[PDB]
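Reading the structure
Given next are the chains, with one letter for each unit.
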Amino acid sequence: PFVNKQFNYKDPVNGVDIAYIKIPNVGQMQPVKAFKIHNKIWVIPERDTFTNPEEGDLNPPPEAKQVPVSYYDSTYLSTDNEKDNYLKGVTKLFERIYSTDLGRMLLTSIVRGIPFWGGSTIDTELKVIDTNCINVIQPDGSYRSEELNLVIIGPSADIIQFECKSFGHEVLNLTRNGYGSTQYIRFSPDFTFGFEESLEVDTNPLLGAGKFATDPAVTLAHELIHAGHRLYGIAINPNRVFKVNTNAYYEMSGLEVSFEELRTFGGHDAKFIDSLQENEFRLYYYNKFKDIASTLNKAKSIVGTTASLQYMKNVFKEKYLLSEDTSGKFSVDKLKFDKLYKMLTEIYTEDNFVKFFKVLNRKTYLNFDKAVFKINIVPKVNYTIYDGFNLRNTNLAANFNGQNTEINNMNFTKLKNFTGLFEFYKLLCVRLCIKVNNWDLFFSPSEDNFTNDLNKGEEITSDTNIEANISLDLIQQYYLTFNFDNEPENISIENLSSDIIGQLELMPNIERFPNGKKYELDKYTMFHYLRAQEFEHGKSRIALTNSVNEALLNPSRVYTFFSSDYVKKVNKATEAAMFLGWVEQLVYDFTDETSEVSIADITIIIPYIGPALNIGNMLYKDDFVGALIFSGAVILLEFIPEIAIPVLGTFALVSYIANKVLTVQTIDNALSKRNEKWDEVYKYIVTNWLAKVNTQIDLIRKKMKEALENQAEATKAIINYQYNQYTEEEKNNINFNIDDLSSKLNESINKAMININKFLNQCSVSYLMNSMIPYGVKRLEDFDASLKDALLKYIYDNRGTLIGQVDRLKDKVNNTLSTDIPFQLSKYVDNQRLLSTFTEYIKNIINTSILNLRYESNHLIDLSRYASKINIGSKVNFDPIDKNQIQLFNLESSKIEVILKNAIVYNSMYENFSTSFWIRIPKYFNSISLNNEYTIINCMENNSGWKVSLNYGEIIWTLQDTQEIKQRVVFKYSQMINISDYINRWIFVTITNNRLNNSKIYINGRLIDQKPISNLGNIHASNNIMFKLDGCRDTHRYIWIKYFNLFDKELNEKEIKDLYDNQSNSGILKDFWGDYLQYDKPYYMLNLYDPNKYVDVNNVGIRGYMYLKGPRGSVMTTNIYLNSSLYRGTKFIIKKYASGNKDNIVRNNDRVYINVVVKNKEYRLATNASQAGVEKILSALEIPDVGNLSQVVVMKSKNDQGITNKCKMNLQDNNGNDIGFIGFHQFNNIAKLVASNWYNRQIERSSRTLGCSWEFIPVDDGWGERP
Amino acid sequence: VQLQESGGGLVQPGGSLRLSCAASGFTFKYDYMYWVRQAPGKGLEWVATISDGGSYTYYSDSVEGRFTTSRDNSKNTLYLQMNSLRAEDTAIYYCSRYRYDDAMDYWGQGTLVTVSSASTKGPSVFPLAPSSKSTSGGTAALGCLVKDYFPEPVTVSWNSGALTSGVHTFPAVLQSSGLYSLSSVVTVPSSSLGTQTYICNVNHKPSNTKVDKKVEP
Amino acid sequence: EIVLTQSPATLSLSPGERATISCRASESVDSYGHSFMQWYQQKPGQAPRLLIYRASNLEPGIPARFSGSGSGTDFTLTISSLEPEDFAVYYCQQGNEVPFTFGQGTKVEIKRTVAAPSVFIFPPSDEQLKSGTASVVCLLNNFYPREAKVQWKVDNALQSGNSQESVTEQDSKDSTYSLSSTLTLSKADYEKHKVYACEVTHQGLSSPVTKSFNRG
Ligand SMILES: [Ca+2]
Ligand SMILES: [Zn+2]
């Protein structure tokens, strides 16, 4: 349908659609054979050797183009067979384009965009511009002249440099002033680029290895999109470029990227243009369209043709979508324009085409070409209109397999890149130097690219304007409005001169970047660490692979980032029936060295990213995981972007005295325009993050993918150096294929990348969320603050007019402006990988915290990256076993002060907010404590703010708005109680607040007290948070606190419970107080099913047994406490059998021994398991006398199935089988300790307390009982 | 490593005074510091405690509302402001460091606070001439009557602190006059007596009264 | 206010014997698994000296014969084998809560065999008479036990309530005492009398000894 004829190059000229034609030219040119494939479109199967007369030869120029790939073949397209093929290829690709909805539609838009007329020195007349036509030589020798939208030519010298070109003018900028001009696309369908992907691995697992081929239909689309902008005269000025910093050692020596090009690629590249600049352009071309409307309007005459003025006026109406009235006058409708322009600029885009063809394509212009390939799409066995390369019902139909240059190699011939590998380079040295290819360096966009008007204040009226993202659905609603006929006519025009004089539109100006350029640096950089991984490439037999560079200085210069284990293994020295081998075993190490994985925002960390690239920042050595937790994604970045959110311009509202309606209208406008404003700022930050951060991460991502490739090649090579010294013989006797060894390691490498991608995805979002967005959210909250005052002052001053609605509105205003407009990445980004990363990032409330204190690598740090500073008092004490546990004593140097960053805090942050922590409050011992409320967490500036405080049997939360008065919520517990859930045991506190409602205090996930705070405040938000015993009048007192958190919202019930389970550390067992259960440490035992009893032994040895006897004492201090005695019975010590753990913590599923102290002598707790029946009575046996008796115990903290539990001790026989959990038999007699499998069968069917429910109780100063 | 406490002296009932314990040789700014007192020939009594940062203080109910304890961590110094003093405040005043979380381990020498409407008198010094009818023997005794001074203390020494063996110096006695009086004696050979000369070095620092009396037949 | 009753109030004991002083709290002195009872020793003219802390811990620098024990309300300081350097007033002190409080004191006196006083008699200086009062002093030098009757006689007319006593403390090389007795008279009363004598009674003396002078 799109091209109605087949053509053959040999078909004879006919004057109509096969003709020798002439073109605009500087001086004289000779005619060339062209074929009119469609109304207004011609093809000239001929190398372009005449549009640019300052390129004579088709040879590589003396000084090389600054492009990563280039290809010269001065004999290409020199014969007729080639010319025929070309014609056929180009036809095929138009058919491929026109067969897609978006294609059918671009091309209709192209045929429709006749270049304007244009010429006319006279205001009143319309004349054709000559450069927008060709002269068509007829069979008889005469010539007709013909208008022309677009022409495809063969390419110039650099075959793969595909361009849109036009002929210019003395004065008019035809491609930028709405007029448009004929477009000449230099193109070939006989070649294509190679690029690499490392992203589809996460959707497409068994995928490729090497390069992939750009589908040439996409390349031709790219060019037609350009042609589209230039035919409607809306191309962006080429002086308008995305300027890059260039002076730093790591920065790309140089790189032109024009805004026109960014626009044309679309997808995430189009998002580098900020809203301000985007709007500037839309307004500019809107006004250029107006000037065309007003040119048409003055037109009373029309020369050089037999068509009517009206007819021609009507062609341009349809092109520009003008509105005509009854009087014949024309005008541009802002709405119809906005849509047209959107379509041309935001819909017609390369990224959108990729969606329609379903091809793999570079994803951003920054993903550079790496190769060039000869192809041949004409035969259907190679390439169809419908599938391109990826042919249905074949091996090629699957994972973009058709475009994999390895798999479909019968279809892509590798060609020479005429750009040297170090043609363009910087030279990095260390105070050894290495040339580094310019296209391997970082993109650093200058801050000048990023402009906004966020600082400008705005006046809101009742008039004020209320606005008003590109899915496939939206594209469909455009398609459905199209009119797919009334094609613009071919019309007679009067002969131009036989030689049409014209010069190509003159472009800049632009300059050879200085070529490297030495840099003396102090550290080895990641490029050095990357060059070390390379070799050599090479022959004999070197490749002594090793760590610690200088490797560099060989070869074998061959650095690796595993582990002599590996360097040693594959630097032998191995043959030959032990090849095989060796081989088997290296396929293993690789997939354990590379699939290797290991904080709650960056879940998955790959710890060899450090070593491979030396990250980066890169001073070491390789606990890159340590440094990552300590500092967050910022250690990856090569440069730290600046986040420059200015004080936002505020709104002032216009009053409409005595006017109810305009006064409410103006409120509504104020609020909606606010909603716009968050959007504006969010959008700004995302744009910033995309250009400066997410690009650094994607480079690193590719560099990893390469590092892996580097290692698998070095390994493959060292194998063959061996297998070759051989057989050989047999040799013909272990018929092994590197081609299947390759297959095995790529599967491996892809698996690694699924992890690495994921890890780096999370690094990207986490930086966005915790180091960029917050700076915005603060300026946004001050903006609200100030809008709220204004709006309430407005509602107050016009209360006369608003008699019936002063509440409804104040409530509307207070409800609206008290609530954060949530950030949704999907609003700003189209890209499902980042979107799903972000959804998972949000899923965890902790990532949203504004303070997240944790002990990591030897300091207490804020993991949310909001604390400006954390001052730790000299006499604070961190539990040597779990340094997250912090002891603060009643000394003034036992304090910790946290200070939030000024640029991130706002006055209203404690209006809906929450805090959680765990605390261990020792028992109160002394009477002075009976009436002594003391502070322990204090956030108060001159009387206002919040604090957490303690008194006898109480935890107190207190808010004080704004210079008095208070509100207060309280949790109360008794010290006259047998066994307390609370006294001296770790408890989980959460305080939530909602200014318009009430504060709530929760304890271990349970709501205790809530109380209205709607009578306040406001609260003065303090910079400081002091952790300190303040006012405690017991000299000897202290508290333990840990896992402090602060949140900027009010947590619901469910959130609070999840948070409780997440911080419970359920992989680890705990003693009675809540501290980690430890090895080699005495514990008194409390059975939870009979807690008024304790353990004893009637007799040592197999004759004796252990039993529960009662009662336990009491312990008391008159008027202060009365509790069951807990330091009773025979003590238990848990001993190591199996381990790992360098450490002393008893973990879930550890296999242990249980010793039992009797009279200061330890015995082994054991039993005869073949004793008849389910219950096996336990005994205390002499340590060296256990014989083959059952003694190994599996410590448990959860069941299965995951439900946590208090049944700690599953005893096992010496074959590995369950005997039973340890509990007690009775109700019979005599409360012996037994192991019973009955217990194992209950725990799976219920979580109730059972006879096997134990708690271990160590001595603790906070309990104070005296043994 | 020591504590020198100053400020002590005579003062009218209802009056005021400020003591200053001067710490050196250790990390003052971290340690709680206590004030303790002892009325002449009587028991020890706790007065006040002040936390390391100076923000929290404790007072014995007997001196509450009336004494104030402060500190200056920068000049390693501790202060006891002492107002509307009464007779019962008469006492030696000690500062001590509290070694957390054990005990008060370091103490100063103390400083005497005397509360009274009475007036400073320097004492009279009279010799106690060695009889004479002596020997025999060995061994004859001689000394000094230090009489009618206020307030305590005086100090005595012999031959500039040279002769110090065989030397006894008595508790002062508050006589009915309201003035104190002590005496100090030494036993020495009969033999060396008209040749070896013995001298009484008396010091009432509170009146700046140094008397050096020569004792002889 | 926690009251600490300390006993026995006085204690006199020979060197190398065991001293057990005992302290008792009205309310408990324990918290956080500790008993904050301290024991101090004060010698005349010195600041108290920490001996023992938290009930049972010997202070570094203090010798081993001192141990401390007990808990709750009953604490005990024992001196394993006394020295004569240990005449002191020993104090218990609670640190459990404010008001921090002290025991009332326990006076270890050291015992020795009996030692005979040397009596010396001292007439008023001339200088002193010219001021208009007369002090006659009677020195008992280097004796034990402390108990001593010193009667003043003048023309053997027995004087009373016009003389004061003073005692040194134990003089540990010897555990010995010395004592002054000082009779003060007006000038007129002194020179209308001839013979001045102080008579002493004491265990170390088989019969009362008198020293006398007369004016000239
Ligand atoms: Ca947009
Ligand atoms: Zn382009």
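Residues numbered from 1 in each chain as written, not as in the entry; some residues may be left out. Chains lettered and ligands numbered in written order. Heavy atoms only, no water. Residues with missing side-chain atoms left out of burial classes, pairs and counts.

1. Some words on the overall build of chain B
Scanning chain B for helices and strands turns up zero helices and 19 strands. For chain B, whose C-alpha radius of gyration is 22 Å, the value lies well above the compact-globule estimate of 17 Å for 217 residues. The dimensions of chain B, computed from C-alpha atoms along their principal axes, are 70 × 35 × 25 Å. Relative to all contacts within chain B whose residues are 6 or more apart in sequence, the contacts with residues 24 or more apart total 56%. (Helix = DSSP H or I, 4+ residues; strand = E, 2+ residues; numbered from the N terminus. Rg over C-alpha atoms; globule rule 2.2 N^0.38 Å. Contact = heavy atoms within 4.5 Å.)

2. Brief notes about the coordination of the zinc ion (ligand 2)
Residue and element names in this part refer to chain A. Binding of the zinc ion (ligand 2) to the protein goes through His222 (NE2), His226 (NE2), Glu261 (OE) and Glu261 (OE), at separations of 1.9 to 2.1 Å. Of note is the zinc ion (ligand 2), whose four donor atoms meet at the metal with angles of 66 to 140° in an arrangement that counts as irregular. According to the relative accessible area criterion, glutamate 261 is partly exposed, its value standing at 29%. (Donors = N, O, S within 2.8 Å, 3.2 Å for Na, K, Ca; no water. Tetrahedral: all angles 85-135°; square planar, octahedral: opposite > 155°, others 65-115°. Buried < 20%, exposed > 50% of the residue type's maximum accessible area, 1.4 Å probe, protein only.)

3. Here we look at the domain arrangement of chain B
All names here are of chain B. Taken domain by domain, chain B comprises domain 1 (1–117) and domain 2 (118–217). Summarising the inter-unit geometry, the C-alpha centres of domain 1 and domain 2 are found 34 Å apart. On the side of domain 2, seven residues touch domain 1, which itself brings six residues to the contact. Interface of domain 1 and domain 2: buried area, both sides summed, is about 420 Å²; carbon and sulfur atoms make up 60% of it. Looking at the side of domain 1 facing domain 2, the largest losses of area belong to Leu10, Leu112 and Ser117, adding up to 71% of the total buried there. Across the domain 1-domain 2 interface, the total number found is zero salt bridges. Where domain 1 packs against domain 2, one counts one residue pair in polar contact. (Domains from an automatic or database assignment. Buried area = accessible area lost by both parts, 1.4 Å probe. Salt bridge = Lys/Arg side-chain N within 4 Å of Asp/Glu carboxyl O. Polar contact = N/O pair within 3.5 Å; in protein donor to acceptor, adjacent residues only side chain to side chain.)

4. Quick word on the pattern of salt bridges
Residues and elements named next belong to chain A. Taken as a whole and assessed by the stated rule, the structure comprises 67 salt bridges over all chains. Between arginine 362 and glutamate 350 there is a salt bridge, with the nearest N and O atoms lying 3.1 Å from each other. With a gap of 12 residues between them, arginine 362 in the loop between α8 (350–357) and β15 (371–374) and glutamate 350 in helix α8 connect regions that are remote in the sequence. Its relative accessible area of 2% is what places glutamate 350 among the buried residues. Between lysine 1011 and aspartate 1009 there is a salt bridge whose closest N-O contact spans 3.2 Å.

5. Brief notes about the sheet that holds strand β17 (residues 163–167) of chain C
Residue and element names in this part refer to chain C. The strand order across the open sheet built from four strands is β13-β14-β18-β17, with neighbouring strands paired in antiparallel fashion. The two strands at the open ends of the sheet, each matched to only one other strand, are β13 (118–122) and β17. Pairwise comparison of adjacent strand axes, ignoring direction, gives a mean angle of 15° for this sheet. For β17 and strand β18 (residues 177–186), the ladder comprises five bridges, and the chain directions are antiparallel. Bridge assignment links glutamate 165 to a residue of β18, and that residue is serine 181. (Pairing = 2+ DSSP bridges. Axes fitted to C-alpha atoms, helices over the stretch in contact; angles between N-to-C directions.)

6. Side note on the interface of chain B and chain C
Each partner contributes residues to the interface: chain B has 42 residues there, and chain C has 37 residues. Here chain B packs against chain C, burying approximately 3,200 Å² in sum over the two surfaces, 64% of which is carbon and sulfur. Applying the counting rule to chain B against chain C returns two salt bridges. In this structure, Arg99(B) engages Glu59(C) in a salt bridge whose closest nitrogen and oxygen atoms are separated by 3.0 Å. Taken together, the links from chain B to chain C amount to eight residue pairs in polar contact. Residue contributions to the side of chain B that touches chain C peak at five residues, all from strand β13 (residues 140–149) of chain B. The residue makeup of the side of chain B that touches chain C, split by class, is 23 nonpolar, 11 polar and eight charged. (Nonpolar A, V, L, I, M, F, W, Y, C, P; charged D, E, K, R; others polar.)

7. A closer look at empty space enclosed by the protein
A volume near 120 Å³ is recorded for the largest cavity. What lines the largest cavity is a set of 15 residues, among which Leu145(B), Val173(B), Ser181(B), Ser183(B) and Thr182(C) lie closest to the centre. When residues of the lining of the largest cavity are traced back to their parent elements, those giving at least two are β13 and β17 (180–188) of chain B together with β17 and β18 of chain C. Its residues placed into classes, the lining of the largest cavity shows five nonpolar, nine polar and one charged. Here the second largest cavity defines a volume of roughly 80 Å³. In this structure, the second largest cavity is lined by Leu853(A), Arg854(A), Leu860(A), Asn884(A), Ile886(A), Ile896(A), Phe1027(A), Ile1041(A), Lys1042(A), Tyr1043(A) and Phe1044(A). Breaking the lining of the second largest cavity down by element, the ones donating at least two residues are β22 (851–856) and β37 (1038–1047) of chain A. Ranked by the residues each element gives to the lining of the second largest cavity, the list is headed by β37(A), at four residues. Split by residue class, the lining of the second largest cavity holds eight nonpolar, one polar and two charged. (1 Å grid on protein atoms, 1.4 Å probe; cavity = no way out; pocket = protein on both sides within 12 Å on 5 of 7 lines; lining within 4 Å. Points joined across faces, edges and corners; volume = space filled by probe spheres on them.)

8. Concerning unusual backbone geometry
Residue and element names in this part refer to chain A. With an omega dihedral of -20°, the bond running from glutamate 575 to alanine 576 counts as a cis peptide bond. Following the sequence through the fold, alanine 576 ends up in the loop between α11 (565–569) and α12 (579–594). Going from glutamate 728 to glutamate 729, the amide bond is cis rather than trans, its omega being 25°. The phi torsion at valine 548 lies on the positive side, around 60°, for a residue other than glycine. A relative accessible area of 70% places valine 548 in the exposed class. In this structure, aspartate 1080 takes a positive phi of about 55° despite not being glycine.

9. Let's talk about a negative patch on the surface
All names here are of chain A. Judged by side-chain charge, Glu406, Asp739, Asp740 and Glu747 come together as a negatively charged surface patch. One can find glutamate 747 in helix α17 (residues 738–797). The class of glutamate 747 is partly exposed, set by a relative accessible area of 33%. (Patch = residues over 30% accessible without salt bridge, like charges linked within 9 Å, V, L, I, M, F, W, Y side chains within 5 Å. Areas by Shrake-Rupley, 256 points an atom, 1.4 Å probe, with all protein chains shown as cover. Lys, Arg positive; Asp, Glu negative; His and termini not counted. Charge placed at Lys NZ, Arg CZ, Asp CG, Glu CD.)

10. Thoughts on the interface of chain A and chain B
Contacts between the two partners involve 14 residues from chain A and, on the opposite side, 13 residues from chain B. Interface area, chain A with chain B, both sides summed: about 1,200 Å², of which 45% is carbon and sulfur. In this assembly, chain A and chain B are joined by 12 residue pairs in polar contact. Top contributing element to the side of chain A that touches chain B by residue count: strand β36 (residues 1024–1030) of chain A, with three residues. Counted by class, the side of chain A that touches chain B contains four nonpolar, six polar and four charged residues.

11. As for the state of the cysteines
Residue and element names in this part refer to chain C. Counted according to the given criterion, the structure contains five disulfides over all chains. Paired by a disulfide, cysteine 23 and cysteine 92 hold their sulfur atoms 2.1 Å apart. Residues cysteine 23 and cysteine 92 share a disulfide whose torsion about the S-S bond is about 65°; that sign makes it right-handed. In this pair, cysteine 23 sits in strand β3 (residues 19–25) while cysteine 92 sits in strand β11 (residues 88–94), placing the two residues 69 residues apart along the sequence. Each member of the pair, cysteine 23 as well as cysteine 92, carries the same accessibility label: buried. A sulfur-sulfur separation of 2.0 Å characterises the disulfide bridge that pairs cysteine 138 with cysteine 198. (Disulfide = S-S within 2.5 Å.)

12. Points about the packing of α17(A) against helix α18 (residues 806–817) of chain A
Residue and element names in this part refer to chain A. Closest axis-to-axis distance for the α17/α18 pair is 10 Å, and the angle between their directions is 175°. Taken together, the axes of α17 and α18 lie roughly antiparallel to each other. Residues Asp784, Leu787, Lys788, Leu791, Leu792 and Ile795 of α17 pack against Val806, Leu809, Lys810, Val813, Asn814 and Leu817 of α18. (Parallel < 35°, antiparallel > 145°, perpendicular 65-115°, else oblique.)

13. Side note on the nonpolar core
Residue and element names in this part refer to chain A. Core analysis: the biggest nonpolar cluster contains 234 residues, and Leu224, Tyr348, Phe759, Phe823 and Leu825 have the highest contact counts within it. Looking at this core element by element, the count peaks at 22 residues for α17. Three or more residues apiece are contributed to this core by two domains, here domain 1 (16–524) and domain 2 (525–843). Look past the residues within four positions of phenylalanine 759 in its chain and what remains in contact with it is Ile602, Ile604, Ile605, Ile606, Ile609, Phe624 and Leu628. Judged by nonpolar contacts, the second largest core, of 64 residues, contains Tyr924, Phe971, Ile1001 and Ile1013. (Core = buried A, V, L, I, M, F, W, Y, C linked by side-chain atoms within 4.5 Å.)

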